Amino acid sequence: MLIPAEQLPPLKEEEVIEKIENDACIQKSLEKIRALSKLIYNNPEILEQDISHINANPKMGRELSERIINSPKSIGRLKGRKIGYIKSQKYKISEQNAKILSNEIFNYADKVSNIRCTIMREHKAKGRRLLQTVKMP
């Protein structure tokens, strides 16, 4: 049988991704993440794969933010010299910037989560209108 809500076109994942990537706050946040990544790891794109997964699943952003702060060097070698236990000031600044990066990843994931929810809600609302509307001349 024909369930009215199922006669509505499905929301495509590519459309969700496109909306995320074009969001202005997402883009400013991503620029910060890249600049931090360059400062900390000497590689702007070190988290490029992670960003793609977070865009698809924001929950993984919370987990990544935790792991970065648990041990920044898990991601890769930190910028700045270090010999044995003795750290340069530059190395210590990389460790401090990793905390800022962790925070930015958490905030990025929250933004993604809201965008995804807003998109889904607007799509359902449009479907409902398309279903119930009477188009007058």
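About the cut-offs
- Residues numbered from 1 in each chain as written, not as in the entry; some residues may be left out.
- Heavy atoms only, no water.
- Residues with missing side-chain atoms left out of burial classes, pairs and counts.
- Disulfide = S-S within 2.5 Å.
- Salt bridge = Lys/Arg side-chain N within 4 Å of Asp/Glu carboxyl O.
- Helix = DSSP H or I, 4+ residues; strand = E, 2+ residues; numbered from the N terminus.
- Buried < 20%, exposed > 50% of the residue type's maximum accessible area, 1.4 Å probe, protein only.

Structure determination for this entry is recorded as X-ray crystallography, at 2.1000 Å resolution.

Visitor: Looking at this structure, I do not really get the state of the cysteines. What am I missing?
Guide: The full count for this structure, using the stated rule, is zero disulfides. Looking at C25, it has no disulfide partner, and the nearest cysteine sulfur is the one in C117, 16 Å off.

Visitor: Help me understand the pattern of salt bridges in this model?
Guide: Oppositely charged side chains are able to pair whenever their charged atoms sit close together. For the structure shown, the criterion picks out five salt bridges. Two residues, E45 and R34, come together in a salt bridge whose shortest N-O distance is 3.6 Å. With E45 in the loop between α2 (24-41) and α3 (48-56) and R34 in helix α2, this residue pair connects regions lying 11 residues apart in the sequence. Taking the relative accessible area as the measure of exposure, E45 reaches 38% and is therefore partly exposed.

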